[PDB]
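Participant: The data below comprise the sequence and an experimental structure of the protein.
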Amino acid sequence: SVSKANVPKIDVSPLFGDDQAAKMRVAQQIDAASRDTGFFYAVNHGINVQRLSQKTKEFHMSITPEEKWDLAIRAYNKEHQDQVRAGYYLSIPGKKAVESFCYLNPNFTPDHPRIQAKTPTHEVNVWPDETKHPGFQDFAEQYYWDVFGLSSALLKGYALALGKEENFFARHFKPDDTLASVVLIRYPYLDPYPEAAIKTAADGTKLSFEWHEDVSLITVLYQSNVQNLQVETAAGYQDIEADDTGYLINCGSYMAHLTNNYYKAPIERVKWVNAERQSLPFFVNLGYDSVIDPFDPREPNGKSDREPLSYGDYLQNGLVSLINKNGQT
Ligand SMILES: CC(C)[C@@H](NC(=O)[C@H](CS)NC(=O)CCC[C@H](N)C(=O)O)C(=O)O
Ligand SMILES: [Cl-]
């Protein structure tokens, strides 16, 4: 028997406006959700999601094996030593069903000082031939800034919810240095479906991706209308309903650190479903040198003894660790 998690739908539109009292009522809902299962759906968000799934499937189903190799990250192509994060993540027929494409801050170019310095976690995006995928790059870059704007407002909600000024988080979230990433994931329908691609959980549940905490400040996710996600509660794993018009939001391990675990990073996993579906996370990461001073909203004095963490090194350790634990994606 598997229960369903309480994931409220929060109208976040006041976070874009100037009704400060209305914003506090949104922050309260974010507070409650972060203290419950950790998840909530952001609705009335103003982003056009109507074609996100189609474009994601179109791009994945129309890209050729030759193109995949030419864009593949280092894990799949030894000739691309600089592509650790951005590029194509090939499937492995018979062994690995998922495939995806990851891109970073469009402002990361050869002129960027972090690219010039070869700083870890910074890379220049690789893109397919414009003529083979017309309008794909323009769409991708515009979506990055569309979800950036949504994420900036959500961070204002989290800051107010924690008793801080609305810019407590967003001030470190900037277009000229953010390490945030978009991933365009395709989960294919396969018949037969290779068992080597399915993992069996301790509780017997068949999975495509095992338990983990997110490496982010917050995660802003859109998915097609196929239920798959689960959150661990003390009463066991609980199904997270799908909502192909809203954005599923949750806190990452960086938030759990700086809040002294007041807003825990929920443990989540992906159930195996034999169906064609798309998953498009936006990982809200700060700058490489961004540092937020921890605090404890549970203490009268609000003091925390935790060490302030540079976000860049945190992201570098988090991503490698996640690959080491749940495998290369
Ligand atoms: C559960 C979803 C978020 C999705 N999973 C994911 O996107 C998973 C877990 S958060 N993400 C990762 O493994 C880390 C990707 C980091 C990215 N290449 C980068 O360099 O920034 C899925 O649908 O499998
Ligand atoms: Cl202090």
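Facilitator: On my side now, so go ahead. Residues are numbered from 1 along each chain as shown. Ligands and ions are numbered 1, 2, ... in the order given.

Participant: CA only for contacts and neighbour counts going forward, please
Facilitator: OK.

Participant: who's in contact with the closest residue to residue 190 other than its chain neighbours?
Facilitator: Distance criterion CA to CA, 6 or more residues apart in numbering; nearest residue to residue 190, sequence neighbours excluded, is residue 274 at 6.7 Å. Contact partners of residue 274, counting by CA atoms under 8 Å, 6 or more residues apart in numbering, are 188-190, 193.

Participant: Pull up the gap between residue 274 and ligand 1, please.
Facilitator: 14 Å (CA to the nearest ligand atom, to the nearest Å).

Participant: what does residue 35 give?
Facilitator: 20 Å.

Participant: ok, and the closest non-adjacent residue to that residue?
Facilitator: In space, residue 35 is closest to residue 263, 6.3 Å off (CA to CA, 6+ apart).

Participant: SS state for the residue nearest to residue 190?
Facilitator: What DSSP: H, G, I helix; E, B strand; the rest coil gives for residue 274 is coil.

Participant: Mind telling me what element residue 160 is part of?
Facilitator: Following DSSP states H and E, one finds residue 160 within helix 136-161.

Participant: Centre of the chain to that helix, how far?
Facilitator: Mean-position distance between helix 136-161 and its chain equals 12 Å (CA atoms, centre = their mean, to the nearest Å).

Participant: what do you get for stretch 263-282?
Facilitator: Remark: stretch 263-282 is offset 10 Å from the chain centroid, using CA atoms, centre = their mean.

Participant: Please apply the same query to stretch 62-76.
Facilitator: Using CA atoms, centre = their mean, the mean C-alpha position of stretch 62-76 is found 22 Å from that of the whole chain.

Participant: Tell me where the stretch 151-300 of the chain has helices.
Facilitator: 253-258 (DSSP state H, counting those that start in this stretch).

Participant: quick one on the thing from earlier: top of the contacts of residue 274 by neighbour count?
Facilitator: Greatest neighbour count in those, by other CA atoms under 10 Å, goes to residue 188: 20 neighbours.

Participant: need the contact list for the residue lying closest to it once chain neighbours are set aside.
Facilitator: Closest residue to residue 188 apart from its sequence neighbours, by CA to CA, 6+ apart: residue 276 at 4.6 Å. Applying CA under 8 Å, 6+ apart to residue 276 gives the contacts 186-189.

Participant: how about 7 Å then?
Facilitator: With contacts defined as CA atoms under 7 Å, 6 or more residues apart in numbering, the neighbours of residue 276 are 187-189.

Participant: and residue 75, backbone torsions?
Facilitator: phi -60, psi -30 (degrees, to the nearest 10).

Participant: Tell me how many other residues surround it.
Facilitator: Residue 75 is flanked by 17 other residues according to other CA under 10 Å.

Participant: Quick check: it vs residue 328, distance?
Facilitator: Separation of residue 75 from residue 328 (CA to CA, to the nearest Å): 8 Å.

Participant: Also residue 28?
Facilitator: 38 Å.

Participant: cool, residue 104 as well?
Facilitator: Distance from residue 104 to residue 328, counting by CA to CA: 18 Å.

Participant: and if you look at residue 299?
Facilitator: Per CA to CA, residue 299 is found 40 Å from residue 328.

Participant: Those two: which is more packed in?
Facilitator: Taking other CA under 10 Å, residue 299 and residue 328 do not tie; residue 328 has more neighbours (12 against 9).

Participant: Would you mind listing what in this protein touches ligand 1?
Facilitator: Taking CA under 6 Å from any ligand atom as the criterion, the chain approaches ligand 1 at residues 85, 102, 181, 214, 270, 279, 281.

Participant: Where does the protein get nearest to ligand 1, residue-wise?
Facilitator: Proximity of the chain to ligand 1 (CA to the nearest ligand atom) peaks at residue 85, 3.9 Å away.

Participant: Give me the three-state assignment for that residue.
Facilitator: Under three-state DSSP, residue 85 comes out as coil.
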